[PDB]
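**Q** Show me how the following folds:
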Amino acid sequence: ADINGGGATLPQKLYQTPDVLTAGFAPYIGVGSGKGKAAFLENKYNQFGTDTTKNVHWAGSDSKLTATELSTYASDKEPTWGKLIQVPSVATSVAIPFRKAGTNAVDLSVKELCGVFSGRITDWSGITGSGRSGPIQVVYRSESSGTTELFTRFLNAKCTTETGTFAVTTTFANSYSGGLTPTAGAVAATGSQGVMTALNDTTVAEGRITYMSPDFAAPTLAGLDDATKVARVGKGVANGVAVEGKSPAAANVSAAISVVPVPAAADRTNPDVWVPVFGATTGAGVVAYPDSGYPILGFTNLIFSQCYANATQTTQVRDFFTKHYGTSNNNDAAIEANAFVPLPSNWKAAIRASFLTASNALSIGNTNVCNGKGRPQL
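**A** Numbering: from 1, shown residues only. The structure is reproduced below:
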């Protein structure tokens with residue numbers, strides 16, 4: 001009878017916060033966005049756990065559904081389970097925590113960020129104002145990761161003066177066209193938590209740096225503003241004037257999120273348009289990375305079915321949407337406490353009007369559309 005979800009680790013602390021998920025929801029299982037997407041699309045609970053009786057009902061993902069994933073689901077599953085729904089959950093920065101002692105603020109230019117993650121910059125003396133010297137060692141995610149997708153999307157947009165280029169991917173080791181630079185000594189770990197454990201390991205030499213969920217990158221929200229532990233990003237020159245970088249605190253990306261346009265009313269039957277991505281320049285479904293605030297941002301998302309076979313589960317999924325996208329008695333305080341940005345009111349309204357309002361053909365449990373259809377209870 002329980003509603004089973006899991007996937008992305010970036011937001012797992014949020015979904016594990018009491019009362020964020022409403023009645024009927026089993027505890028969220030963090031395994032990575034790749035495994036979460038597969039769990040939902042193929043109805044494979046074994047991505048989450050060993051129980052052979054359970055079905056998958058939803059997933060968290062910060063990796064967008066691909067064209068192939070969507071078309072396979074539309075052909076294989078949609079005729080009996082109904083349309084899938086993909087919507088943003090919250091917005092997020094991508095933080096750059098590091099382990100290297102020193103009282104100076106670490107403030108990375110985008111060029112320096114690109115050099116660290118390409119393997120060009122291998123010493124802290126290559127970062128201006130660092131007050132630091134000695135090796136830098138990148139830690140990256142071994143598995144298919146939405147955090148990797150959000151981060152490499154930024155590197156692909158902005159890292160334009162390296163020897164190679166970064167492709168957008170969920171597998172970091174496949175991103176840079178030159179491969180992993182042997183002498184740069186980059187190392188892999190698994191999950192948001194696994195990477196933070198590697199970053200914080202006091203038994204190895206100082207100098208590690210990574211990309212990370214802001215909810216994991218520091219023990220407290222205030223820690224995101226400690227530039228001796230979490231890098232500012234954005235140091236540079238704007239219109240001939242020196243500018244400083246910003247911390248990855250949610251307040252530094254909320255203005256940019258506020259102006260992301262809602263999906264064109266006429267395209268809302270396509271799950272792909274519900275999740276905007278950022279890029280170098282404005283385009284269809286693509287918002288220019290912002291030239292103010294903290295530069296590295298994006299969305300983490302929910303994947304649900306429009307239809308559920310079970311009466312109670314249908315009601316309970318609707319009740320979750322009602323709270324998570326609600327104008328009152330909602331999840332926004334928990335979202336902020338977890339270092340994330342609540343969706344703007346116009347976004348929440350668009351999501352409610354499409355996926356809750358009963359008369360809309362896209363709505364969860366729509367009696368006409370879901371008649372005889374829906375994901376299994378088990």
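
**Q** from the chain's centre, how far out does stretch 332-343 sit?
**A** Distance of stretch 332-343 from the chain centroid (CA atoms, centre = their mean, to the nearest Å) equals 14 Å.

**Q** From start to finish, how long is it in a straight line?
**A** Taking CA to CA, to the nearest Å as the measure, stretch 332-343 stretches 9 Å from start to finish.

**Q** Equivalent analysis for stretch 157-166, please.
**A** Stretch 157-166 end-to-end distance (CA to CA) = 9 Å.

**Q** ok now that stretch, how far from the chain's centre?
**A** For stretch 157-166, the separation from the chain centroid amounts to 22 Å (computed by CA atoms, centre = their mean).

**Q** Which strands or helices does the helix or strand containing residue 151 pack on?
**A** In this structure, residue 151 is located in helix 146-158 according to DSSP states H and E. Under the contact criterion of 3 or more CB pairs under 8 Å, 6 or more residues apart in numbering; DSSP states H and E, helix 146-158 touches helix 110-118, strand 137-141, strand 277-279, strand 297-305. (C-beta placed from N, C-alpha, C; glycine too.)

**Q** Check those for me and report the most buried one.
**A** By mean neighbour count, with neighbours taken as mean count of other CB atoms under 10 Å, strand 297-305 ranks first of the helices and strands packed on helix 146-158 at a mean of 26.

**Q** Quick check: neighbours of that one in the sheet, parallel or antiparallel?
**A** Sheet partners assigned to strand 297-305 using DSSP bridges are listed as strand 58-61 (antiparallel), strand 84-93 (antiparallel).

**Q** Report the angle between the helix holding residue 151 and strand 137-141.
**A** For helix 146-158 against strand 137-141, the angle by axes from the mean of the first three to the mean of the last three CA atoms, to 10 degrees is 120 degrees.

**Q** Residues in contact with helix 146-158: which ones?
**A** For helix 146-158, the external contacting residues (CB atoms under 8 Å, 6 or more residues apart in numbering) are 8-10, 32-33, 61-64, 92, 94, 110, 113-114, 117, 140-141, 165-172, 175, 192, 211-213, 277-280, 289, 295-298, 300.

**Q** Neighbouring strands of the helix or strand following it in the sheet, and parallel or not?
**A** Per DSSP H and E, the first helix or strand lying C-terminal to helix 146-158 is strand 187-189. According to DSSP bridges, strand 187-189 has the following sheet partners: strand 137-141 (parallel).

**Q** Quick one: distance of the partner strand to the chain centre.
**A** How far strand 137-141 lies from its chain's middle: 18 Å, per CA atoms, centre = their mean.

**Q** Quick one: residues in contact with it.
**A** With CB under 8 Å, 6+ apart, strand 137-141 has contacts from 32, 116-117, 119, 147-148, 172-173, 184-191, 195, 198-199, 205, 207-211.

**Q** go on, stretch 239-256?
**A** With contacts defined as CB under 8 Å, 6+ apart, stretch 239-256 is touched by 91-96, 107-109, 214, 217, 221, 224-225, 227, 230-237, 290, 292-297, 336, 339-341.

**Q** Buried ones in it, by neighbour count?
**A** Across stretch 239-256, burial judged by 16 or more other CB atoms under 10 Å covers 245, 246, 247, 248, 249, 250, 251, 252, 253, 254, 256.

**Q** what's the span of that stretch, first residue to last?
**A** 20 Å.

**Q** just to revisit the earlier point, tilt between the helix holding residue 151 and helix 110-118?
**A** Going by the same axes, to 10 degrees, helix 146-158 makes 130 degrees with helix 110-118.

**Q** Quick one: distance of helix 146-158 to the chain centre.
**A** Put simply, helix 146-158 sits 10 Å off its chain's centre (CA atoms, centre = their mean).

**Q** go on, stretch 27-47?
**A** That offset, for stretch 27-47, works out to 15 Å (CA atoms, centre = their mean).

**Q** for the protein, what spans make up the helices?
**A** 12-15, 33-42, 67-76, 78-81, 110-118, 146-158, 191-200, 214-217, 254-258, 311-324, 332-337, 345-355 (DSSP state H).

**Q** Let me know which of the ones you listed is the nearest to residue 370.
**A** helix 311-324 (7.8 Å; CB to CB).

**Q** Report the buried residues of the closest one.
**A** For helix 311-324, using 16+ other CB under 10 Å, the buried residues are 313, 314, 316, 317, 318, 320, 321, 323, 324.

**Q** can you check stretch 337-351 too?
**A** Neighbour counts over stretch 337-351 (16+ other CB under 10 Å) mark 338, 339, 340, 341, 342, 343, 344, 347, 348, 350, 351 as buried.
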